[PDB]
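I have placed the structure first, in the form of C-alpha cells, so that the comments after it can refer back to it.
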Ligand SMILES: *CC(=O)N1CCC(C(=O)Nc2ccc(OC)nc2)CC1
Ligand SMILES: *CC(=O)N1CCC(C(=O)Nc2ccc(OC)nc2)CC1
C-alpha cells in the first residue's frame, strides 16, 4: 500500500542523453540510433531568440559546427536537418544503448516522466502531466533544454516531449519528438501567455479511486450525480468536462472498489463545494490531477 | 524555474536489481560486486513471519536454495550469511554494472529516492524522507521487499534503505544495507505501532526558500522571531525543534534570497497559526517537508 507520484525508471533514457553545443549555446540532445534530436534554438544566440529566422540561421551552420558529446567522447556529425522545431543531427555511430522506442504525441491530461538534464548529464527524474492549456509545470533551469519526457511500456520507451522554453509565468512549453510544439507556443522570446489551466477531472477521479484502495475513505458520501449535473459543477470550478469515454476508462477502478463512477463524481462534487476542511487525501491538501487512470492501475498492480 | 519532487536518475541502481527466490517467496535483491543483499525474511513462509527464529530457519537453507536471477540469467550462489536483518548471498560473478557505491545510515529528515521493484524488475522511482518516527511513506506492494533507497553524488551511489515491511497502518519500515532497521521495528508480523510523525521543520524552511526563489512570495511577512519563540510554536504544531545546526545549514539559502533564517521562521510561524487560507505554495496546499536544504540547493542550481 501507499500511493506516490512515481516516475518511470530512467535508465533507458539516461543512456540516450548527449550534450549538443553550437557556438556558445550548450543544451541536451537525445541520441537514438544514428540521430541526435535537439531543439533548433541551439543555433540561436540570446539576441537571435527575440525574432529568429531559423532557416536563415541554419544556412550559416555546417555539420562541424554541431558539437555532440556522449559522456566524454565526441560524436562525428555527418548530416543535419530541421524538422519543425527540432534539429536532427545524423552521427556516424549508432547509439549502442538505444532502447526500443517510439515517438508519440500525447493529449492533454496525459502524464509522463521527465529526465531533467544539464550538459548531457541527468540530474533528476520527476513525473508531470501535459496541462489542458498545453503547458507543463516542470523544473527546468538554463541548460535543461533538450531534456525529454517519456513513458515506458515494459521495454519500449515512448518519447513524448522535448523541453524548449519557459514562458514569462514560469510554466514550460515544448515539442513532441517530431518538433511540433504542444499548444500554440513558438520558439521565440516573445509574449506568449498560457490559457486557463483547468483541472484534469478524469485524473482526479482516478486518484480518488487510488485513495479508496489505499484506505483514505473519509470523502465518500451517500450521494450520486449525473454526467450533466457533475459537469455543471466542473465548469464552475474550472475542471475539464467529464465524458462517457472518461467514465469508460475509469471502469476497472470502479469494478475493483465497487464504487460507481457517478458516485465518485458526487463525492468529488462535494469536495469542490465544501472544500477539504483541513483534511488530507493521500497526504495531499488539494485534489491531485497528475495521475491518469492507467497510472493508478499500474501503481496499484505493480507493472514492471 | 519551477520546483518538483525530484528523484535521482535510477539507471545506476536498475543495473543492480535482481530477483531472489527462496522456496515460494520471491523478492528483490541488490547485486553489488559478487554479493547479493536481500531481506532475511525471504527464508520465511507467511506462517513463519508470525514468530520467526531466523538463525534456526537459516540452518535448513543451503546455497542452492537461494535462486538469484539477474535479468533472465541465473547467478550461482557460492556462500550465504546473515548480517542483522539482511542476507548476503555471495555469487560467483561480480555485477559488471556495479557503480561506485557506499552504504550509509541516514538520519531522520533525510531524503532519498526509492526504485520500487517487483521480481527484480524496476517499476518506478520516487522521492521520500526518513520520517522522524523512522518510518517512510512509500508505495510498496507485495513483492516489493528488497527495493532500495539511495542518494547519488555525481557517480557514487550511497545506498541507505532496503524495504522490509508494511506496518498495519500502511507506513513502511526497513533497514540500512548493514541490515539494521531504522527505528524500533522488527522483521516480524506483530503489533508495531509508529510514534508521532512530526514535521521536518528544517525541510519546510528549505522548501519555503525554494518557493521564494521560484516566485511564490505571498507568505513572506513583516515579522521575525527567535529560535526559542519559534520552537514553542513548532512544539504546539508537532514540528521538530529547530536547532542552530539547522539555521547554519540554511545559511546558503538565506544568503541567496536575502531572507534571514529567523525571518523565514516567523513566516512559517504565521502559516502554522493562520493556515493557508485556500492559497498554495509551489502547487501545494500544505507545507512540504520532504526536501532537505541540500535538495533545494541542488535543484535550484542544477547538480548533475
Ligand atoms: C532551456 C535552455 O537551455 N535555454 C537556453 C538558454 C536560454 C537563455 O538563457 N536565454 C536568455 C539569455 C539572456 C537573456 O537576456 C535577457 N534572456 C534569455 C533559455 C533557454
Ligand atoms: C514486501 C514483501 O515482498 N513481502 C513478502 C510477502 C509478504 C506477505 O504477503 N505476507 C503475508 C502473506 C499472507 C498473510 O496472511 C495473513 N499475511 C501476510 C509481505 C512482505
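Numbering of chain A is taken from Swiss-Prot, so the residues present carry the numbers 3264-3567, in order.
From the backbone N, Cα and C atoms, a Cβ is placed for every residue, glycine too.
Annotation comment: Swiss-Prot describes A:3304 as active site, for 3CL-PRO activity, evidence class sequence analysis. Cβ neighbour count for residue A:3304 (active site, for 3CL-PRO activity) (all protein chains, 10 Å cutoff from its Cβ): 24.
According to Swiss-Prot, the feature active site, nucleophile maps to A:3408. Taking Cβ-Cβ distances under 8 Å and a sequence gap of 6 or more within the same chain, the neighbours of residue A:3408 (active site, nucleophile) are A:3290, A:3291, A:3301, A:3302, A:3304, A:3305, A:3426, A:3427, A:3428.
Positions annotated as ubiquitin cross-link by Swiss-Prot: A:3268 (among others). Close to residue A:3268 (ubiquitin cross-link) in the fold, though at least 6 residues off in sequence, lie A:3389, A:3390, A:3551, A:3553, A:3554, each with a CB less than 8 Å from its CB.
According to DSSP, residue A:3353 (ubiquitin cross-link) sits within a strand segment. What Swiss-Prot records for A:3353 (among others) is ubiquitin cross-link, and it gives experimental evidence as the kind of evidence.
Of A:3268, A:3304, A:3408, listed as recorded positions, those near chain B by the criterion of a Cβ under 8 Å from one of its Cβ atoms are A:3268. In the three-state DSSP classification, residue A:3408 (active site, nucleophile) falls within coil. Only A:3408, of the recorded positions A:3304, A:3353, A:3408, place a Cβ under 6 Å from an atom of ligand 1. The Cβ of residue A:3353 (ubiquitin cross-link) has A:3297, A:3298, A:3340, A:3341, A:3342, A:3343, A:3344 as same-chain neighbours under 8 Å, each 6 or more residues away in sequence.
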